[PDB]
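Trainee: So that we are looking at the same thing, I have put the structure below in C-alpha cells.
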Amino acid sequence: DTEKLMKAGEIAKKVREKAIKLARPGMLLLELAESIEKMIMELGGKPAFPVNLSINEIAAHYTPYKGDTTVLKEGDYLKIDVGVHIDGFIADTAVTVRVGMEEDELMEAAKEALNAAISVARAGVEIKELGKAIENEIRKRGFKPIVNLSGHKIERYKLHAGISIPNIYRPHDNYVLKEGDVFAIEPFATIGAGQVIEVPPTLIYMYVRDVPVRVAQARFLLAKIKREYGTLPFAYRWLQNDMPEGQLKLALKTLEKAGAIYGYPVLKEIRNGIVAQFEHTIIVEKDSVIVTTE
Ligand SMILES: [Co+2]
Ligand SMILES: [Co+2]
C-alpha cells in the first residue's frame, strides 16, 4: 500500500524538519527525542523506532534514556534518524546537522551521495550502481564511506529485510531493483577509517522470538514488549518507570540471553573519526523513484 507509506513519509519529513529547528547548542537530547517522538504521534504516526540522535564519532543506534544529560555543544555533528509507520508501512529518514554552524563538505559528501544514489535508481538497476555513485561522491571529496553500515530494503513491519544498499562498488551486489521495492538509502561518510564498532551501552532493542522464560518478572515484560511494540525496535527509555532501578536493565538482559529479544548496541567509528549520514526512504518505478521523505 502506497498512500500509507507516503503518509509515513510526509510525517517523517515534517518531524525531521522540526528536529533540525530544535537542534541548537545546549538542547537536551532526552527532551529533543521526546519532542520528536510526540510530534509523530501528534500527526497520526507511531514510531518505527526511537529517534537516533548520534553525535560525531558515534554513528547510529544512540537514543537517549531518562537521566541522559547529553546536550548538544556548538560544532557537534548530529545525526538524526527518524522512524515512522502507519499500519506498518515505514518511512525512514535521516539528516546530519552541525550545531550552530553551516554545512561542512563532510556533510555535503553524504548528502550528494544520497542524491546521486536516488538519481541512478529505477526499476532494473543493479544495486552496485548506487554503491559506486556513493563511493564516488565521498572519496572524491577526500572522504571515506562507511562500508559496514548502509541502506537496506524495507517491508511491512520490517525495518531491515534482506538487501543492503551499500556505500561502495562491489561487483556481486547484483540484486536487480524490482518495481515496488521500498528502500532506505543511507550513505555514511567519515574522516576516520570507514568501519564501525559495537560499544556499550545497548539502548535499543527488538522482539525477535516467542521463547519461554523461567523468571516470572521477565516473562511479563516480554508480554508488554510484544503488546506495545511487536517486531519494531523500541528504546530502553520507553519502558523506564514501569520498574525499580536496575531491575529493568537486568530484566532486559535476562530476555536477551533467552533469545527473545536482541539489543542494538551503539555503533561508533573504529577510529573516532566524525561521521555523516543522510537517508531517504524510496520506492521504485519503471524509470524513476518516489522519495517518500522529501
Ligand atoms: Co534509519
Ligand atoms: Co536505517
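Starting from 1 in every chain, residues are counted up; chains themselves are A, B, ... following the order of the C-alpha cells, and ligands are numbered from 1 as listed.
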Around ligand 1, at most 9 Å away and counting only C-alpha atoms and all ligand atoms, which residues are there? Put them as a ChimeraX atom specification, please.
Mentor: /A:49,51-52,60,80-83,91-94,151-152,159,184-186,278-281
Trainee: Take the residues that were just selected and, keeping C-alpha atoms, output them as a CSV table (one decimal), in the first residue's frame.
Mentor:
chain,number,residue,atom,x,y,z
A,49,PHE,CA,11.8,3.1,16.2
A,51,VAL,CA,14.8,8.7,17.1
A,52,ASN,CA,18.5,8.1,16.7
A,60,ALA,CA,24.0,5.2,14.9
A,80,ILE,CA,19.1,12.5,13.4
A,81,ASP,CA,17.3,9.3,12.2
A,82,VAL,CA,13.6,9.2,12.4
A,83,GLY,CA,11.3,6.3,12.1
A,91,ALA,CA,9.4,5.8,6.3
A,92,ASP,CA,12.9,6.2,7.5
A,93,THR,CA,14.8,9.3,7.3
A,94,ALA,CA,17.9,10.9,8.5
A,151,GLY,CA,20.9,1.3,3.5
A,152,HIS,CA,18.5,-1.6,3.4
A,159,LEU,CA,12.9,-2.1,9.1
A,184,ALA,CA,16.3,3.2,2.7
A,185,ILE,CA,19.4,4.6,1.1
A,186,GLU,CA,21.8,5.7,3.8
A,278,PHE,CA,21.6,11.3,5.2
A,279,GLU,CA,18.9,8.9,4.4
A,280,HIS,CA,15.7,8.8,2.4
A,281,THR,CA,13.3,6.1,2.0
Trainee: Can you tell me, as a list in words, which residues in region 83-209 of chain A count as alpha helix (DSSP H) by DSSP?
Mentor: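 In region 83-209 of chain A, DSSP puts these residues in alpha helix (DSSP H): residues 105, 106, 107, 108, 109, 110, 111, 112, 113, 114, 115, 116, 117, 118, 119, 120, 127, 128, 129, 130, 131, 132, 133, 134, 135, 136, 137, 138 and 139 of chain A.
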Trainee: How about saving the chosen residues, N, CA, C and O atoms kept, as a tab-separated table (two decimals), in the first residue's frame?
Mentor:
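The result, stored in part_11.tsv:
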chain	number	residue	atom	x	y	z
A	105	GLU	N	31.88	20.18	4.16
A	105	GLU	CA	31.97	19.24	2.99
A	105	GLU	C	31.95	17.75	3.34
A	105	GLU	O	31.82	16.89	2.44
A	106	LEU	N	32.11	17.43	4.63
A	106	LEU	CA	31.81	16.08	5.10
A	106	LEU	C	30.32	15.84	4.84
A	106	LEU	O	29.93	14.98	4.03
A	107	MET	N	29.51	16.69	5.46
A	107	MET	CA	28.06	16.66	5.29
A	107	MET	C	27.64	16.65	3.80
A	107	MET	O	26.96	15.72	3.35
A	108	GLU	N	28.11	17.65	3.04
A	108	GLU	CA	27.95	17.69	1.57
A	108	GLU	C	28.16	16.32	0.89
A	108	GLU	O	27.31	15.89	0.11
A	109	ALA	N	29.25	15.63	1.24
A	109	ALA	CA	29.59	14.32	0.64
A	109	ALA	C	28.45	13.30	0.79
A	109	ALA	O	27.91	12.79	-0.21
A	110	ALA	N	28.08	13.02	2.04
A	110	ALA	CA	26.96	12.12	2.34
A	110	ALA	C	25.70	12.57	1.62
A	110	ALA	O	25.03	11.77	0.97
A	111	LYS	N	25.41	13.86	1.71
A	111	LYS	CA	24.20	14.36	1.12
A	111	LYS	C	24.14	14.08	-0.38
A	111	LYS	O	23.17	13.50	-0.87
A	112	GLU	N	25.21	14.45	-1.08
A	112	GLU	CA	25.25	14.29	-2.54
A	112	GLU	C	25.24	12.81	-2.91
A	112	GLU	O	24.68	12.42	-3.94
A	113	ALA	N	25.85	12.00	-2.05
A	113	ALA	CA	25.77	10.55	-2.18
A	113	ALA	C	24.32	10.14	-2.36
A	113	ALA	O	23.96	9.53	-3.38
A	114	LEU	N	23.49	10.53	-1.40
A	114	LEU	CA	22.08	10.17	-1.41
A	114	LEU	C	21.39	10.59	-2.70
A	114	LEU	O	20.72	9.78	-3.36
A	115	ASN	N	21.59	11.85	-3.07
A	115	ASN	CA	21.01	12.39	-4.28
A	115	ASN	C	21.46	11.60	-5.50
A	115	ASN	O	20.64	11.10	-6.26
A	116	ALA	N	22.76	11.45	-5.63
A	116	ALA	CA	23.33	10.68	-6.72
A	116	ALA	C	22.78	9.29	-6.74
A	116	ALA	O	22.53	8.72	-7.79
A	117	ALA	N	22.60	8.73	-5.56
A	117	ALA	CA	22.07	7.40	-5.45
A	117	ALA	C	20.64	7.37	-5.94
A	117	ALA	O	20.26	6.48	-6.70
A	118	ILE	N	19.84	8.34	-5.50
A	118	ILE	CA	18.44	8.40	-5.92
A	118	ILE	C	18.35	8.50	-7.44
A	118	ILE	O	17.52	7.82	-8.08
A	119	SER	N	19.21	9.37	-7.98
A	119	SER	CA	19.23	9.72	-9.40
A	119	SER	C	19.26	8.49	-10.29
A	119	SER	O	18.32	8.26	-11.08
A	120	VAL	N	20.26	7.66	-10.06
A	120	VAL	CA	20.52	6.50	-10.90
A	120	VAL	C	19.58	5.32	-10.67
A	120	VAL	O	19.68	4.33	-11.38
A	127	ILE	N	22.23	-3.09	-7.79
A	127	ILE	CA	22.47	-2.33	-6.54
A	127	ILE	C	23.79	-1.57	-6.55
A	127	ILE	O	23.83	-0.41	-6.24
A	128	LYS	N	24.85	-2.26	-6.91
A	128	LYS	CA	26.19	-1.67	-7.00
A	128	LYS	C	26.26	-0.32	-7.72
A	128	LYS	O	27.09	0.52	-7.38
A	129	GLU	N	25.40	-0.09	-8.70
A	129	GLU	CA	25.36	1.21	-9.37
A	129	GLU	C	25.21	2.32	-8.36
A	129	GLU	O	25.88	3.35	-8.44
A	130	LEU	N	24.33	2.10	-7.38
A	130	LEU	CA	24.10	3.06	-6.30
A	130	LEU	C	25.30	3.08	-5.34
A	130	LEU	O	25.65	4.15	-4.84
A	131	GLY	N	25.89	1.91	-5.08
A	131	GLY	CA	27.15	1.80	-4.36
A	131	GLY	C	28.17	2.76	-4.96
A	131	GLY	O	28.62	3.71	-4.28
A	132	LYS	N	28.48	2.55	-6.24
A	132	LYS	CA	29.51	3.34	-6.95
A	132	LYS	C	29.27	4.83	-6.84
A	132	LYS	O	30.18	5.61	-6.52
A	133	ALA	N	28.03	5.19	-7.17
A	133	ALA	CA	27.54	6.55	-7.09
A	133	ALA	C	27.86	7.24	-5.75
A	133	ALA	O	28.17	8.44	-5.73
A	134	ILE	N	27.78	6.48	-4.66
A	134	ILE	CA	28.01	6.96	-3.28
A	134	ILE	C	29.47	6.92	-2.94
A	134	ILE	O	29.98	7.84	-2.30
A	135	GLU	N	30.12	5.82	-3.29
A	135	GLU	CA	31.57	5.70	-3.10
A	135	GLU	C	32.16	6.95	-3.74
A	135	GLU	O	32.75	7.78	-3.05
A	136	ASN	N	31.89	7.09	-5.04
A	136	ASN	CA	32.34	8.20	-5.83
A	136	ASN	C	32.19	9.49	-5.06
A	136	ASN	O	33.19	10.14	-4.78
A	137	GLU	N	30.97	9.85	-4.66
A	137	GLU	CA	30.72	11.17	-4.02
A	137	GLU	C	31.57	11.52	-2.79
A	137	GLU	O	31.80	12.69	-2.51
A	138	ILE	N	32.02	10.51	-2.08
A	138	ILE	CA	32.62	10.67	-0.77
A	138	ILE	C	34.14	10.70	-0.91
A	138	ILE	O	34.79	11.68	-0.49
A	139	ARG	N	34.70	9.66	-1.53
A	139	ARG	CA	36.14	9.57	-1.85
A	139	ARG	C	36.62	10.80	-2.57
A	139	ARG	O	37.62	11.40	-2.19
Trainee: Taking only C-alpha atoms into account, name the residue in A:155, A:57, A:76, A:228 that is nearest to residue 188 (chain A).
Mentor: A:57
Trainee: Pick out the residues sitting within 10 Å of region 16-22 of chain A, and hand them over as a PDB file with N, CA and C atoms, in the first residue's frame; count only C-alpha atoms, and ignore anything fewer than 4 positions along from it in its own chain.
Mentor:
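Full text of out-v4.pdb as output:
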ATOM      1  N   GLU A  10       5.468  11.753   4.734  1.00  0.00           N
ATOM      2  CA  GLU A  10       5.099  13.132   4.972  1.00  0.00           C
ATOM      3  C   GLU A  10       5.396  13.512   6.412  1.00  0.00           C
ATOM      4  N   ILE A  11       5.141  12.591   7.327  1.00  0.00           N
ATOM      5  CA  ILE A  11       5.263  12.891   8.740  1.00  0.00           C
ATOM      6  C   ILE A  11       6.718  12.863   9.180  1.00  0.00           C
ATOM      7  N   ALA A  12       7.416  11.799   8.798  1.00  0.00           N
ATOM      8  CA  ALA A  12       8.862  11.713   8.928  1.00  0.00           C
ATOM      9  C   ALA A  12       9.516  13.016   8.473  1.00  0.00           C
ATOM     10  N   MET A  27      20.715  22.178  23.880  1.00  0.00           N
ATOM     11  CA  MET A  27      19.438  21.471  23.835  1.00  0.00           C
ATOM     12  C   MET A  27      19.626  20.034  24.320  1.00  0.00           C
ATOM     13  N   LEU A  28      18.786  19.629  25.273  1.00  0.00           N
ATOM     14  CA  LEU A  28      18.877  18.304  25.893  1.00  0.00           C
ATOM     15  C   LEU A  28      18.396  17.250  24.938  1.00  0.00           C
ATOM     16  N   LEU A  32      14.731  16.552  23.345  1.00  0.00           N
ATOM     17  CA  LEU A  32      14.617  16.595  21.897  1.00  0.00           C
ATOM     18  C   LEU A  32      13.890  15.387  21.364  1.00  0.00           C
ATOM     19  N   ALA A  33      14.409  14.207  21.646  1.00  0.00           N
ATOM     20  CA  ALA A  33      13.767  12.962  21.254  1.00  0.00           C
ATOM     21  C   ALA A  33      12.304  12.927  21.606  1.00  0.00           C
ATOM     22  N   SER A  35      10.197  15.382  22.225  1.00  0.00           N
ATOM     23  CA  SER A  35       9.526  16.321  21.315  1.00  0.00           C
ATOM     24  C   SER A  35       9.244  15.687  19.964  1.00  0.00           C
ATOM     25  N   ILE A  36      10.295  15.066  19.431  1.00  0.00           N
ATOM     26  CA  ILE A  36      10.264  14.459  18.117  1.00  0.00           C
ATOM     27  C   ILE A  36       9.284  13.269  18.062  1.00  0.00           C
ATOM     28  N   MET A  39       5.619  14.686  18.284  1.00  0.00           N
ATOM     29  CA  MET A  39       5.185  15.283  17.044  1.00  0.00           C
ATOM     30  C   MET A  39       4.775  14.243  16.042  1.00  0.00           C
ATOM     31  N   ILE A  40       5.429  13.092  16.092  1.00  0.00           N
ATOM     32  CA  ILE A  40       4.986  11.937  15.326  1.00  0.00           C
ATOM     33  C   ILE A  40       3.551  11.555  15.682  1.00  0.00           C
ATOM     34  N   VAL A  51      13.955   7.792  17.797  1.00  0.00           N
ATOM     35  CA  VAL A  51      14.829   8.689  17.085  1.00  0.00           C
ATOM     36  C   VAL A  51      16.310   8.459  17.449  1.00  0.00           C
ATOM     37  N   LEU A  78      25.522  16.274  14.376  1.00  0.00           N
ATOM     38  CA  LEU A  78      24.397  15.467  14.880  1.00  0.00           C
ATOM     39  C   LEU A  78      23.709  14.687  13.779  1.00  0.00           C
ATOM     40  N   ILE A  80      20.522  12.654  12.987  1.00  0.00           N
ATOM     41  CA  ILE A  80      19.120  12.472  13.355  1.00  0.00           C
ATOM     42  C   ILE A  80      18.516  11.409  12.450  1.00  0.00           C
ATOM     43  N   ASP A  81      17.975  10.331  13.021  1.00  0.00           N
ATOM     44  CA  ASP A  81      17.341   9.259  12.242  1.00  0.00           C
ATOM     45  C   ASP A  81      15.960   9.099  12.819  1.00  0.00           C
ATOM     46  N   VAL A  82      14.954   9.088  11.959  1.00  0.00           N
ATOM     47  CA  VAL A  82      13.592   9.187  12.405  1.00  0.00           C
ATOM     48  C   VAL A  82      12.787   8.106  11.748  1.00  0.00           C
ATOM     49  N   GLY A  83      12.039   7.394  12.560  1.00  0.00           N
ATOM     50  CA  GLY A  83      11.279   6.296  12.064  1.00  0.00           C
ATOM     51  C   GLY A  83       9.861   6.601  12.367  1.00  0.00           C
ATOM     52  N   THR A  93      13.968   8.296   7.760  1.00  0.00           N
ATOM     53  CA  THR A  93      14.810   9.333   7.282  1.00  0.00           C
ATOM     54  C   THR A  93      15.796   9.863   8.297  1.00  0.00           C
ATOM     55  N   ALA A  94      16.824  10.468   7.729  1.00  0.00           N
ATOM     56  CA  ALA A  94      17.922  10.880   8.498  1.00  0.00           C
ATOM     57  C   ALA A  94      18.644  11.984   7.799  1.00  0.00           C
ATOM     58  N   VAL A  95      19.144  12.885   8.640  1.00  0.00           N
ATOM     59  CA  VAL A  95      19.814  14.105   8.250  1.00  0.00           C
ATOM     60  C   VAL A  95      20.924  14.358   9.289  1.00  0.00           C
ATOM     61  N   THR A  96      22.097  14.773   8.815  1.00  0.00           N
ATOM     62  CA  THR A  96      23.154  15.281   9.673  1.00  0.00           C
ATOM     63  C   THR A  96      23.055  16.792   9.722  1.00  0.00           C
ATOM     64  N   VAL A  97      23.416  17.315  10.886  1.00  0.00           N
ATOM     65  CA  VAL A  97      23.320  18.717  11.239  1.00  0.00           C
ATOM     66  C   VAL A  97      24.622  19.043  11.967  1.00  0.00           C
ATOM     67  N   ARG A  98      25.271  20.179  11.678  1.00  0.00           N
ATOM     68  CA  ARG A  98      26.374  20.635  12.547  1.00  0.00           C
ATOM     69  C   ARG A  98      25.899  21.808  13.343  1.00  0.00           C
ATOM     70  N   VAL A  99      25.812  21.648  14.669  1.00  0.00           N
ATOM     71  CA  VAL A  99      25.028  22.588  15.506  1.00  0.00           C
ATOM     72  C   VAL A  99      25.636  23.997  15.606  1.00  0.00           C
ATOM     73  N   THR A 293      10.452  10.695   1.580  1.00  0.00           N
ATOM     74  CA  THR A 293      10.879  11.547   2.674  1.00  0.00           C
ATOM     75  C   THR A 293      11.403  12.929   2.289  1.00  0.00           C
TER      76      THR A 293
END
Trainee: I'd like the contact shell of region 262-273 of chain A - 10 Å cut-off, only C-alpha atoms, skipping same-chain residues fewer than 6 positions apart - returned as a PyMOL selection string.
Mentor: chain A and resi 54-63+144+146+149+189-209+233-236+252-253+255-256
Trainee: Closest to residue 122 (chain A) among A:71, A:282, A:213, A:23, using only C-alpha atoms?
Mentor: A:282
Trainee: Extract, using only C-alpha atoms, all DNA, RNA and protein residues at most 9 Å from residue 66 (chain A), discarding same-chain residues fewer than 4 positions from it, and format them as a PyMOL selection string.
Mentor: chain A and resi 30+237+240
Trainee: Pick out the closest residue to residue 123 (chain A) from this set: A:166, A:180, A:44, A:64. Count only C-alpha atoms.
Mentor: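 Among A:166, A:180, A:44, A:64, it is A:180 that comes nearest to residue 123 (chain A).
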Trainee: Restricting the calculation to only C-alpha atoms: of A:125, A:69, A:85, A:42, which residue gets closest to residue 8 (chain A)?
Mentor: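 Answer, going by the shortest atom-to-atom distance: A:85.
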Trainee: Nearest to ligand 2 among A:187, A:246, A:9, A:100, with distances taken over only C-alpha atoms and all ligand atoms: which residue is it?
Mentor: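 Using only C-alpha atoms and all ligand atoms, ligand 2 sits closest to A:187.
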Trainee: Which residue, A:26, A:212, A:45, A:50, has the smallest gap to ligand 2 when you use only C-alpha atoms and all ligand atoms?
Mentor: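 Among the listed residues, the smallest separation from ligand 2 belongs to A:50.
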